[PDB]
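Asks: Supplied in structure tokens, the structure appears directly below.
No Cβ is skipped: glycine too gets one built from the backbone with ideal geometry, and neighbour counts run over all protein chains shown. Rule-based calculations on the coordinates, nothing more; no lab input.
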Ligand code: HEC
Ligand code: HEM
Ligand code: HEM
Ligand code: HEM
Ligand code: HEM
């Protein structure tokens, strides 16, 4: 049972998010670039950010 | 009771060549089989 | 379920003519067309009405949606 | 000596399965849709394997790979559109097959029916994942919405959704996972089909009359073989008409613009086959309720055998049940139409009414009407 | 009544295959290498399926994808080296089974 | 087989598809293999029929 | 260089469907222009005119084109 | 259904209920352990040494 | 509100008809001289033109006319080269954001699949190309936006690009706005479906072959089943 | 009144058109199979021939001539007593099993 | 007199080996006849709209 738990956990976590993907969790947005009155959009978490 | 039964008539379906009851089917056998196998052969060519 | 012992049947006589000595298409049109009309007459009473309702709903739905998109003059009146 | 067809083990299995299988003489064209499903599965497997020889699953190269298949590969367009339209043909034949099972009371073969429901789920999953593979705008956003539906599950929810996504949203990991799963699933479908055929052979085949046909049985090889070949030729006629004459008839045009995560397409709709479940989902406002309704839409086929209250297996001699069945078919057409159309005032109420009517017809109306029929026939 | 293991069709096949199959009492450990091959095949299928979730077949990204599996996919190295060494174990078992067949006259089947 | 004049991207993609599909064919052939084996039983190390000692 | 589309387009304006739609477009344009501060626009009426015009244009335009 | 609504079936049900409860306990422990569900394990002594 | 495009009587609309390659040739000229400064046909290459609208020598000359960057030479410096058949059509803008910045933040779409991607196909493209009209009353288009009743939103970001005599077709065809639109739309149709001609040819072949086979297979099926079809039955209880 | 609508359903259902009788069309569950095996041989042979002829008619998509259709009054429920006895015996066995 | 179908059956349909050869040889010629016939129809329908027709001008 212990061995099976280890193996199945390893495979399922292999299907989990990889380290590189987790690396891009947070972002650094340059406020100074964004002009006033413009909704400059970025890709955060692989999702559109406003 | 075996004698009592009689084969029903199939004339409506029988091909024109073998409709006649006085003609032996062997003469028209090649014609009929050729017709059917020609249908099959052309099908196989297309396939 | 092999062919030999499927069921028990008694005193049934079947006569079957060969494929080669019979026509492939006996009365395909002379008898086929009246048979199709008979089959259509019986079936159309049941199959058709449910689909007829859909055509009404499809027409009404399309008309209503177009009507909704059209402007209401009263809104811009006054 | 012995006949090699009977004696040799593999030939024995093939013989009993397809050659000398006792089959009822009266099964109509509706029964050919099973063999049509088999042919569709084989054609899809070959076509998809030949597509995969030229398809790269990276997000940077996926759409470019499909364009390479369509343009540069010799006869690649034929293969790609054969696949795309074969999926639609598969679903047409599946819907007709399940309709035949419902109409002629073939669901009484319990294990065959349940394995069929499992097969339907597997085929739907295969198609849903396969549609993502071109990585078009519609592919990306349909994947986004359909996977985001899973978030409605309480507790596990987001965890399960991100596990399937392989990240925060649909991205390269999701595309590659879907390619691998889309590859492997058809083979599982092929094995489940063998299980299905085994279970059916245990009980034979139902006839349109619904009365046991052991008295009148004919060998499959000399008759239904040529019948199934004719059905396959007709299916190839329809499918090749779709592939050649109208290659992009059943497909949304917005799948030809490369997927842009920052821009939503003008309309997000699943493929035509999923549209009825999409409409059923949209009808219920609560997210979890919508997901459960979408699942129940398919799972009600499991409950169909238990809801059979009639004393006659087939509906051939049940006119009122025939009327209800065609009402259900029209309701499914209506649900498809609603799913295609946007969520606005006229269509919302139509969709809610169609969903309620679908569930009512399957659950309450049909059993009560069957009981009334039994009373009418002095049972 | 009937035992479901002997009467239900799928269970009937499974029973006749690996439950009530009459097996010789003296088969040695050389007769386990066939089951070892079957286990290896299932393991290779599972491992390769999990590898393919991260493998891309384009030449620009093939090697980079393998490196991504090795370094970034959680426990990716376990899966990858399991596949690589399971292939070698697969061929070890194949060769041993062929040798067993030659030695004990199993080729008469 | 190369898909071109030499080994290149086309060959790599073909090999990926084939390497994916072939193991399942291997499984089917193994099923046929076990079927034929069960038809005649399993040979024992002594090489003598072991029906008495199954 | 006379553009055939211009000539074909004129021919719709003779057609009654273009005639009725154009009058409706002209009137609605007058109401919006007359109103000092109104959210109304002529787009909906404009589409009716263009839809009727283009449909007529489509049948005959390609004949001139070569 | 009415067939199984009988006193003997109630007796059989009582006979198998402790077994069913034990199997439920097995399932609960299995789930908690396999998922390492922290919500339950938090209370569990010396399993709380993890996380 | 949206305005659907009219079904123009295209030559290729026929079930067995195809594209006029004279129009395709003139269409490429429109694309090369007009809709090339903006919009990039990435998925179409000069070699594709070899058997469609220009011969191999002509295609080579056209490819040589533009200059394309090449791989790193010694010292690893990118360099321009005359161009060749294998090169795809040059992209006017280096990156999508550069294209947006050069067109009031409006990415010019890739003509390659523009027909297959936008609903209405070539009919829509033609309608929007020859649809630019005067804005109606109450509409206030933002500067840099133009009024086209066919573009979703009626606020396209490209000025009427096809005016009469915008280019000079080598074929001598009078370069009217409608003529230019038809030629370019035919070219785009070809670009979206380069297999169009072969597709219709295979459609004709399959139609005739299926018309041959289905009656023949049907005859075989009826011949085999006729044993049962004509079968008579009798009940003779003792 | 009720007999009118019942007669309507009898004509609406096509088993009279195929020459079948009502009990021929019943679904063959275990109780029905036991009832069938309990039939006297004359009734059994009549049943099998009726069903065979009906299957043949459905095969060619044809219907029996109007005069040969079964009559609503002439229809005889041959299987009803045997099936009722089978159901009653099964009910008794279930009842003994209950307690 | 032997009919045309009757002659064919004896000459080339009685034995499957001859039957198969007739299909194979027939398949070879049917392809060259159907393809040429199909293209002529397609060329006629699309006369003047194909490169082959307009190739001469630009070469
Ligand atoms: C220079 C920049 C030009 C020229 C000379 C042409 N177009 Fe194109 N176009 C351009 C931009 C910057 C935009 C953005 C407008 C928008 O956001 O929609 C467009 C628009 C189109 C569209 C519609 C895009 C869509 O909604 O999907 C099409 C189909 C299109 N343009 C094609 C086209 C054709 C066929 C032209 C001449 C024959 C043409 N354009 C001129 C950029 C520019
Ligand atoms: C890939 C999917 C499927 C395949 C390959 C398949 C194949 C087949 C085949 C070959 C038959 C033989 C009879 C016939 O062809 O009509 C059959 C019968 C049947 N199948 Fe499936 N089928 C599939 C899906 C389904 C589904 C989705 C269901 C139910 C929801 C189902 C339930 C049945 C039933 C009830 C029958 C009985 C037919 C009869 O009574 O004669 N199958 N199937
Ligand atoms: C058997 C049932 C199958 C179904 C229903 C199915 C369905 C689909 C669908 C709907 C698509 C998207 C088509 C498009 O929009 O372009 C697709 C794409 C694809 N399928 Fe399948 N497929 C099946 C089997 C397979 C198999 C066995 C493979 C094996 C490799 C495969 C490989 C692919 C590939 C590579 C693509 C992407 C290429 C493309 O989209 O044109 N498919 N499939
Ligand atoms: C992936 C590859 C293979 C798999 C999965 C496989 C599977 C099996 C299995 C499960 C058995 C029964 C267990 C046993 O007898 O030890 C077996 C036996 C056997 N296999 Fe293999 N096998 C494979 C490769 C081969 C090869 C390469 C050969 C011959 C060249 C072969 C020939 C045989 C023979 C003759 C037997 C009978 C052994 C006996 O009766 O003692 N197999 N195989
Ligand atoms: C009998 C079964 C199999 C054998 C003997 C086998 C053999 C191999 C070998 C020797 C490699 C080279 C690994 C390396 O160089 O590190 C490899 C790689 C690979 N195989 Fe398999 N394979 C099998 C099954 C599969 C299956 C079923 C799949 C997918 C469903 C698969 C997918 C892959 C992938 C993605 C790689 C790349 C791993 C890497 O780059 O290291 N394989 N295989």
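Asks: Strictly greater than 28 Å: what percent of every Cα pair in the range I:37-174 meets that?
Replies: 33 percent
Asks: Can you show me the helix-derived [θ] at 222 nm for the protein assembly as shown, built from DSSP H runs with n ≥ 4 at -39,500 (n - 2.57) apiece and divided by the number of residues, rounded to the nearest 500.
Replies: That comes out to -18500 deg cm²/dmol.
Asks: Along each of its three principal axes, how wide is the spread of alpha-carbon positions in the protein assembly as shown, in whole angstrom units, largest first?
Replies: Computed over the protein assembly as shown, the largest-to-smallest principal extents equal 100, 90, 77 Å.
Asks: With the Cα gyration tensor of chain K giving a ≥ b ≥ c as the square roots of its eigenvalues, does the rule (a/c under 1.5 for rounded; else a/b larger than b/c for prolate; else oblate) give rounded, prolate or oblate?
Replies: Note, shape of chain K comes out prolate.
Asks: May I pose another question? If I model chain I as equal point scatterers sitting on the Cα atoms and use the Debye formula, what is log10 I(q)/I(0) at q = 0.09, 0.13 Å⁻¹?
Replies: Debye output, listed in q order: -0.52, -0.90.
Asks: Quick check: the distance between the Cα centres of the range G:25-60 and the range D:40-61, to the nearest angstrom?
Replies: 50 Å
Asks: Could you give the nm distance between label points at residue B:47 and residue D:10, where each point is 7 Å from its Cα heading toward the beta carbon?
Replies: So the label points at residue B:47 and residue D:10 sit 2.2 nm apart.
Asks: Arrange I:204, K:8 by Cβ neighbour counts within 10 Å, fewest through most, would you?
Replies: With the fewest neighbours first, I:204, K:8 line up as I:204, K:8.
Asks: Please give the per residue volume of the convex hull enclosing the alpha carbon atoms of the range J:33-99, rounded to a whole number of Å³.
Replies: 122 Å³
Asks: Okay, moving on. How far apart, in nm, are the 7 Å Cα→Cβ label points at residue F:35 and residue B:7?
Replies: Roughly 4.2 nm, to one decimal.
Asks: Angle between the Cα long axis of helix J:41-59 and the longest principal axis of chain J, 0 to 90 degrees, nearest 10?
Replies: The helix J:41-59 is inclined about 50 degrees to chain J.
Asks: Moving on. Just the Cα atoms of the range I:26-111, one point each, no solvent: what log10 I(q)/I(0) does Debye give at q = 0.13, 0.18, 0.20 Å⁻¹?
Replies: Here the Debye-derived log intensity ratios amount to -0.48, -0.84, -0.98.
Asks: Quick one: compute the contact order of chain E, relative version, from alpha carbon pairs under 8 angstrom and 6+ residues apart, as a percent.
Replies: 28 percent
Asks: Something else about it: Return the Cα extents of chain C along principal axes one, two and three, sorted largest first, each rounded to a whole Å.
Replies: 91, 38, 21
Asks: Where does helix I:56-65 land angle-wise versus the long Cα axis of chain I, in degrees 0 to 90, nearest 10?
Replies: With rounding to tens, the tilt is 30 degrees.
Asks: Still on this structure: Please give the helix B:26-46 orientation as an angle from the longest Cα principal axis of chain B, in degrees from 0 to 90, rounded to the nearest 10.
Replies: Between helix and principal axis, roughly 40 degrees.
Asks: Over the alpha-carbon set of the range D:278-336, work out the extent along each principal axis and list the three values in angstrom, largest first.
Replies: In descending order, the Cα extents are 41, 24, 12 Å.
Asks: If you take the C-alpha gyration tensor of chain A, multiply each eigenvalue by 5 and take the square root, what semi-axes do you get, largest first, in whole Å?
Replies: Result for chain A: semi-axes of 40, 9, 6 Å.
Asks: The range I:149-238: Rg/Rh from Cα coordinates, Kirkwood Rh?
Replies: On the Cα set of the range I:149-238, Rg over Rh gives 1.51.
Asks: Now for a separate question. Checking the a/c ratio against 1.5 first, then a/b against b/c, what shape does the Cα gyration tensor give for the range D:130-258?
Replies: Oblate.
Asks: Continuing with the same structure: Can you sort A:32, I:230, D:310 so the residue with the fewest Cβ neighbours within 10 Å comes first?
Replies: Listed from fewest to most nearby Cβ atoms, that is A:32, I:230, D:310.
Asks: Now, a different point. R0 = 30 Å: FRET efficiency of residue F:19 with residue K:35, Cβ-based, nearest 0.05?
Replies: Efficiency, from the Cβ-Cβ distance: 0.20.
Asks: Compute the label zone of residue G:7 within the range G:42-66: residues whose backbone N is under 18 Å from the point 7 Å along Cα-to-Cβ.
Replies: G:56-66, by backbone N distance to the label point.
Asks: Explain nothing, just the number: relative contact order of the range D:296-366, from Cα pairs under 8 Å at least 6 residues apart, as a whole percent.
Replies: 38 percent
Asks: Any number yet on Rg/Rh for the range D:1-82, C-alpha, Kirkwood?
Replies: 1.25
Asks: If I model a spin label at residue J:95 and residue J:73 as a point 7 Å from the Cα along the Cα→Cβ vector, what separation in nanometres do I get?
Replies: 3.8 nm
Asks: Test of understanding: ordering B:17, C:66 by Cβ neighbours within 10 Å, fewest first, what list do you get?
Replies: Going from sparsest to densest Cβ surroundings: C:66, B:17.
Asks: Also, quick follow-up: Using bins 10 angstrom wide from zero, how does P(r) for chain H break down, in % of all Cα pairs?
Replies: Binned Cα distances yield the sequence 22, 30, 20, 16, 11, 1.
Asks: Something else: I'm checking a number: the convex hull volume of the Cα atoms of chain G, normalised per residue, in Å³. What is it?
Replies: Here the figure is 93 Å³ per residue.
Asks: Now, a different point. With a ≥ b ≥ c the root eigenvalues of the C-alpha gyration tensor of chain D, is it rounded (a/c under 1.5), prolate (a/b larger than b/c) or oblate?
Replies: oblate
Asks: Tell me the relative contact order for chain D as a rounded percent, counting alpha carbon contacts under 8 Å between residues six or more apart.
Replies: Value for chain D: 23 percent.
Asks: For the range F:4-49, what percent of Cα pairs sit more than 18 Å apart?
Replies: 58 percent
Asks: Right, next: Seen from all sides and averaged, what is the projected area of the convex hull of the Cα atoms in the range D:212-256, in nm²?
Replies: If I average the Cα hull's projected area over directions, I get 5.4 nm².
Asks: Gaussian network model of chain E, Cα springs within a sub-10 Å range: biggest mean-square fluctuation belongs to which of E:65, E:25, E:35?
Replies: Checking each option, the largest mean-square fluctuation is seen for E:25.
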